[PDB]
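Worksheet: the structure to be examined is printed underneath.
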RNA sequence: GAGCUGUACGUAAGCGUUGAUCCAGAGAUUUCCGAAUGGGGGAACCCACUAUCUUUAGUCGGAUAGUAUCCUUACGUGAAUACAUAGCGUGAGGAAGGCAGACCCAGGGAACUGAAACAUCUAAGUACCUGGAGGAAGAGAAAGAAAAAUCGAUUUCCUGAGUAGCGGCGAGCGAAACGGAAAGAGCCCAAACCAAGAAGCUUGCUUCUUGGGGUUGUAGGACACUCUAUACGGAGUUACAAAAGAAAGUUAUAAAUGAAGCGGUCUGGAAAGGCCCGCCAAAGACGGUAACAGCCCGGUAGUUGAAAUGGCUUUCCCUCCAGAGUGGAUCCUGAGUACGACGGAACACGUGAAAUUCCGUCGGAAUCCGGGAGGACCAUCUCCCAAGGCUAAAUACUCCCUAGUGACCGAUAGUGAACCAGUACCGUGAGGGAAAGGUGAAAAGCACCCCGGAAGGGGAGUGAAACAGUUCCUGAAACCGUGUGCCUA
RNA sequence: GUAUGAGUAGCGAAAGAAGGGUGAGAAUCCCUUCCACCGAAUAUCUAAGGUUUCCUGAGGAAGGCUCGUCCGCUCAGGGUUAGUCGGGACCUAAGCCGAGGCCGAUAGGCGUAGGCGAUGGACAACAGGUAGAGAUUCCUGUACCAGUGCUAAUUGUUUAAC
RNA sequence: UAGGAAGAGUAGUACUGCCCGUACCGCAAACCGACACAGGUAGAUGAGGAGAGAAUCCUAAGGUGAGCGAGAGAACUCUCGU
Ligand SMILES: [Mg+2]
Ligand SMILES: [Mg+2]
Ligand SMILES: [Mg+2]
Ligand SMILES: [Mg+2]
Ligand SMILES: [Mg+2]
Ligand SMILES: [Mg+2]
Ligand SMILES: [Mg+2]
Ligand SMILES: [Mg+2]
Ligand SMILES: [Mg+2]
Ligand SMILES: [Mg+2]
Ligand SMILES: [Mg+2]
Ligand SMILES: [Mg+2]
Ligand SMILES: [Mg+2]
Ligand SMILES: [Mg+2]
Ligand SMILES: [Mg+2]
Ligand SMILES: [Mg+2]
Ligand SMILES: [Mg+2]
Ligand SMILES: [Mg+2]
Ligand SMILES: [Mg+2]
Ligand SMILES: [Mg+2]
Ligand SMILES: [Mg+2]
Ligand SMILES: [Mg+2]
Ligand SMILES: [Mg+2]
Ligand SMILES: [Mg+2]
Ligand SMILES: [Mg+2]
Ligand SMILES: [Mg+2]
Ligand SMILES: [Mg+2]
Ligand SMILES: [Mg+2]
Ligand SMILES: [Mg+2]
Ligand SMILES: [Mg+2]
Ligand SMILES: [Mg+2]
Ligand SMILES: [Mg+2]
Ligand SMILES: [Mg+2]
Ligand SMILES: [Mg+2]
Ligand SMILES: [Mg+2]
Ligand SMILES: [Mg+2]
Ligand SMILES: [Mg+2]
Ligand SMILES: [Mg+2]
Ligand SMILES: [Mg+2]
Ligand SMILES: [Mg+2]
Ligand SMILES: [Mg+2]
Ligand SMILES: [Mg+2]
Ligand SMILES: [Mg+2]
């Protein structure tokens with residue numbers, strides 16, 4: 001699968017935007033994506049030099065609208081830090 | 001449906017019988033037609049983003065298509081409608097006026 | 002398995018009556034013997050009934 | 003559909019990649035909160051599907 | 001042919017007479033688990049190998065294909081052991097699993113109950129488990145039925161008939177043929193015999209392959225001769241051998257056209273209703289529309305319509321084909337089977353005088369002057385040739401699709417389920433399993449003022465109705481309250 | 001569906017008191033002081049189990065055996081970072097599956113090679129920081145284990161270093 | 001050792017290292033008991049005075065005041081003291 005199907009969308013929250021000046025970017029990746037495929041996906045798209053990647057898996061919450069209950073989409077989140085001598089992603 | 005957007009209409013039945021108007025919208029999913037000046041209502045709308053002041057509004061309400069029959073644009077009376085293929089196209093022909101409505 | 006290779010002989014069921022005809026249940030087997038015969042030109046040890054073997058088969 | 007059947011099967015790949023990139027930016031822009039034309043995503047995504055169908059049937 | 005982005009209100013952003021949304025036919029894509037089949041596994045997860053390509057300075061990473069087991073068949077390699085087999089590998093074909101809780105064929109096979117107890121018997125070859133299919137299955141072309149004469153493959157229906165029979169002769173079980181109908185269709189091998197080939201050496205012989213012949217009963221065939229036909233004619237993929245193709249018509253899957261009252265008037269919130277006048281009808285079926293409509297709308301009778309796919313019929317094409325007679329030297333006509341003893345089973349028939357068919361074990365024929373049956377058996381007579389195979393229709397059922405019907409139900413009824421139902425809930429698990437329909441014609445779903453934090457109210461307004469205000473048509477009884485006429489320490 | 005028993009039994013071991021604050025509303029919510037309780041536990045970690053109950057901002061209909069401005073309750077947003085920790089890509093016990101195979105009316109049973117299976121064996125990381133929620137995981141400092149490329153010189157060649 | 005072999009080590013630099021779990025409760029109001037239930041739930045650490053001791057009484061670090069109250073001080077019932 002291509003580099004733009006490994007990565008889906010950015011994550012903009014209070015915690016995610018807190019580490020922008022620390023050169024740590026948070027992304028939504030595919031569930032089957034590994035820690036290595038993400039490293040090469042970013043290098044191809046944004047043309048930077050990835051130094052370290054961390055990932056974690058989130059279970060689906062149990063929402064309830066009316067009398068119908070279901071599970072929110074299961075997610076996989078990755079945090080990618082770029083080396084010092086690499087250009088910064090806009091992400092704004 | 002025998003009536004589309006833009007036709008001129010003479011109503012048949014209802015509390016508002018005998019008046020004429022022009023159609024403003026059509027709802028084939030429920031067989032109802034909106035005609036200006038016909039079947040007005042009063043909406044008690046709370047002040048909101050749209051029309052900030054709010055109040056009593058005088059807008060129209062849809063009516064069933066069955067209570068509507070098309071009038072001949074030229075001669076000017078209501079009449080039933082018929083379809084006659086001509087010029088590689090289908091047009092509406094009045095059963096009374098004997099002319100193409102469109 | 003437990004069936005004559007040549008014929009179709011194998012186990013079959015039935016009743017075991019007695020005096021006063023108290024019907025029980027039982028079974029009938031066949032004289033299946035383990036012998037070596039020729040099936041495709043290759044000797045093999047298979048079941049052959051004694052009635053079938055009594056004429057026309059070479060061991 | 004037929005507007006692109008005249009292409010030479012090699013610039014279609016350039017159209018596959020160009021439209022795939024534009025789709026990514028739209029998802030990136032929507033997530034941040036900068037996209038005001040949210041309808042564009044669908045036409046871009048259909049056009050990606052349209053081009054792949056023609057290539058598939060060209061080689062049967 | 002003018003609106004559309006589902007249920008689903010609504011916001012944002014858009015698309016459509018360059019013809020969108022929509023309907024029907026044909027294609028394309030089709031993650032993971034699941035017979036799951038590269039290995040593993042606690043369902044949707046983990047871990048690989050062999051090739052080709054791709055990326056990096058290289059490790060790392062990515063893309064495509066193949067890699068399960070068994071059966072059949074060819075090739076190659078190859079042990080004790082010399083040849084060879086067993087084994088090993090490759091190549092090509094087939095299978096696995098599911099269900100429609102229905103129908104039917106086979107293997108295995110109860111008990112409760114009845115007999116007013118109970119064991120023979122009945123319940124019953126029923127319930128259930130297992131295997132095999134098919135749109136149907138099974139049966140099927142007489143070793144038949146029957147008797148003063150004959151019929152002529154099988155299956156199903158009416159009668160025969162609760163008859164003849166079986167039965168601790170108890171409870172009970174219970175036929176068949178003739179007769180009347182639906183449908184009707186007949187064929188292919190084995191064996192002698194001829195020809196070719198091969199192996200053994202059965203040593204010029206017999207035992208195997210193929211082709212040609214040939215299949216029946218007052219016997220037929222091989223064998224001898226006469227006659228004719230080598231496509232003149234005949235048949236066909238539903239048996240009789242099998243594989244395809246073209247054209248025409250017809251049907252199913254979208255659709256089109258389609259007559260006649262805006263008639264006057266009364267009540268009403270609204271006319272389809274009452275009164276008085278007209279029209280169409282191959283159309284007075286059904287539904288909707290502010291109340292009961294043939295003439296307001298979708299339609300109905302009638303008449304048209306198909307680019308594409310599938311079915312059905314016909315024709316063409318294609319393919320394949322020897323059948324009549326007279327002599328009867330000799331030869332052939334399904335062997336460990338037909339029957340018999342022993343022990344069981346099915347036949348309406350429970351060992352009984354027990355004919356008929358089948359199973360397990362022993363014994364064990366004749367073969368055309370021959371053999372079987374006609375309810376033990378012998379003789380005469382009559383009918384028929386078993387121990388190989390195939391075969392459409394009349395018959396049984398409905399998970400489904402289309403068009404309809406009911407002196408069937410109408411929310412405690414009808415499916416468990418008219419409603420996000422095998423759901424919520426219960427149980428470790430198999431499993432058990434609910435309750436819950438209605439505002440109004442149209443949201444016109446109460447702007448605004450007052451009390452209150454809010455809920456909730458009193459006015460105002462919409463509405464025919466608000467005493468229809470989001471469990472909202474109608475609103476009984478139990479039960480809970482307020483006021484009063486008569487009585488009561 | 002609704003009564004009688006009836007405003008009755010009960011309100012599930014335990015020491016609270018006062019002063020400020022918020023609020024429409026305070027014995028029950030926040031803060032302060034005094035007092036009392038456990039202290040081989042009523043303390044600190046960590047398996048099984050549960051699966052969002054964890055944090056922040058709003059709410060008081062229902063749940064809380066009273067009250068509520070509060071909550072493990074309602075609504076909306078967030079939160080789990082590993083070469084070194086535990087388990088896989090390592091190993092096997094009990095046990096389970098099982099190509100061929102043996103047995104058996106059908107279904108299937110037993111079992112070899114082989115493979116799964118921790119409660120056991122082997123295996124490289126420590127100290128500090130972090131006022132909303134993660135820490136041997138993120139950050140600072142200092143290491144270790146396996147592997148690769150690039151330089152540096154050294155060394156060896158088919159009685160064949162390694 | 002059988003075998004495989006033209007490449008090998010050492011030093012110095014830079015670079016690479018996958019999947020699953022990680023919140024929270026965890027002698028409890030979040031697990032098993034229909035309950036915010038006087039019951040049950042493996043393992044590690046588990047201080048001081050007196051003491052042989054993880055007994056016993058009072059305390060340290062740490063955690064709590066128990067999800068109905070106030071006011072009278074009758075019979076009777078229960079748990080205690082003479
Ligand atoms: Mg992780
Ligand atoms: Mg099958
Ligand atoms: Mg079956
Ligand atoms: Mg048949
Ligand atoms: Mg009409
Ligand atoms: Mg009228
Ligand atoms: Mg009415
Ligand atoms: Mg007998
Ligand atoms: Mg007879
Ligand atoms: Mg048959
Ligand atoms: Mg009712
Ligand atoms: Mg019901
Ligand atoms: Mg459960
Ligand atoms: Mg109010
Ligand atoms: Mg009323
Ligand atoms: Mg009504
Ligand atoms: Mg009392
Ligand atoms: Mg009390
Ligand atoms: Mg308490
Ligand atoms: Mg206080
Ligand atoms: Mg309290
Ligand atoms: Mg104490
Ligand atoms: Mg856990
Ligand atoms: Mg919380
Ligand atoms: Mg409350
Ligand atoms: Mg309360
Ligand atoms: Mg909460
Ligand atoms: Mg480990
Ligand atoms: Mg096997
Ligand atoms: Mg086993
Ligand atoms: Mg293992
Ligand atoms: Mg372990
Ligand atoms: Mg370690
Ligand atoms: Mg914490
Ligand atoms: Mg730390
Ligand atoms: Mg804890
Ligand atoms: Mg509990
Ligand atoms: Mg409590
Ligand atoms: Mg407890
Ligand atoms: Mg001491
Ligand atoms: Mg102590
Ligand atoms: Mg103690
Ligand atoms: Mg303390």
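Residue numbers (the deposited numbering), protein chains in the order written: chain V, 1 to 92; chain W, 1 to 102; chain Z, 2 to 60; chain 1, 3 to 62.
Virtual Cβ for every residue (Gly too), placed ideally from N, Cα, C.
- A distance of 8 angstroms or more separates the beta carbons of residue 28 (chain V) and residue 59 (chain V).
- Beta bridge pairing from DSSP links residue 83 (chain W) with 92 (chain W).
- For residue 64 (chain V), the nearest beta carbon of chain 1 is not closer than 8 angstroms to its own beta carbon.
- Under the three-state reduction of DSSP, residue 34 (chain Z) is assigned to strand.
- Looking at the DSSP output, residue 50 (chain Z) shares a beta bridge with 33 (chain Z).
- In the DSSP assignment, residue 43 (chain Z) falls outside any beta strand (DSSP E) and carries neither an H nor an E.
- Judged by DSSP in its simplified three-state form, residue 12 (chain V) adopts coil rather than helix or strand.
- Taking 8 angstroms as the CB threshold, residue 12 (chain V) lines the interface with chain 1.
- Straight-line measurement puts the Cα of residue 27 (chain Z) at about 32 angstroms from the Cα of residue 57 (chain Z).
- 8 angstroms or more divides the Cβ of residue 51 (chain Z) from the Cβ of residue 7 (chain Z).
- For residue 53 (chain V), the uninterrupted beta strand (DSSP E) run begins and ends at 50 to 58, by DSSP.
- The alpha-carbon separation between residue 91 (chain V) and residue 30 (chain 1) amounts to approximately 8 angstroms.
- In this structure, the straight-line span from the alpha carbon of residue 71 (chain V) to that of residue 56 (chain 1) is close to 38 angstroms.
- The beta carbons of residue 78 (chain W) and residue 34 (chain W) sit no closer together than 8 angstroms.
- Between the segment 45 to 61 of chain V and the segment 71 to 82 of chain V, the count of Cβ pairs shorter than 8 angstroms is three or higher; the stretches touch.
- When the Cα atoms are used, residue 39 (chain 1) and residue 26 (chain 1) turn out to be separated by approximately 15 angstroms.
- Looking at 46 (chain V), 57 (chain V), 66 (chain V) and 76 (chain V), the one whose alpha-carbon comes closest to that of residue 89 (chain V) is 46 (chain V).
- In this structure residue 26 (chain W) is in contact with residue 1 (chain W), their Cβ atoms being roughly 7 angstroms apart against a cut-off of 8 angstroms.
- Residue contact with chain 1 for residue 9 (chain V): present (Cβ-Cβ distance below 8 angstroms to some residue of chain 1).
- Beyond the five residues adjoining it in sequence on each side, residue 42 (chain W) comes within less than 8 angstroms, by CB distance, of 56, 57 and 58 in the same chain, given in chain order.
- In this model, residue 51 (chain V) and residue 10 (chain 1) are separated by some 41 angstroms (Cα to Cα).
- Considering only beta carbons, the part of the segment 25 to 53 of chain 1 lying closer than 9 angstroms to chain V consists of 25, 26, 29, 30, 32, 33, 34, 35 and 36, in chain order.
- DSSP, read as helix, strand or coil, puts residue 28 (chain V) in strand.
- In the structure shown, the three-state DSSP call for residue 63 (chain W) is strand.
- For the 8 angstroms CB-CB criterion, residue 21 (chain 1) and residue 50 (chain 1) form a contact.
- Measuring C-alpha to C-alpha distances from residue 33 (chain 1) to each of 26 (chain V), 31 (chain V) and 35 (chain V) identifies 26 (chain V) as the nearest.
- In the three-state reduction of the DSSP assignment, residue 33 (chain 1) falls in the helix class, which pools H, G and I.
- Note on geometry: alpha-carbon atoms of residue 90 (chain W) and residue 100 (chain W) lie some 10 angstroms from one another.
- Classified as buried, residue 49 (chain Z) has 16 or more neighbouring CB atoms from the shown chains inside 10 Å of its CB.
- Taking the Cα of residue 16 (chain W) as reference, the smallest distance to any Cα among 64 (chain W), 88 (chain W) and 87 (chain W) is reached at 64 (chain W).
- Apart from sequence neighbours up to five positions away, the residues of its chain that approach residue 94 (chain W) with a beta-carbon distance below 7 angstroms are 72, 79, 81 and 101, ordered along the chain.
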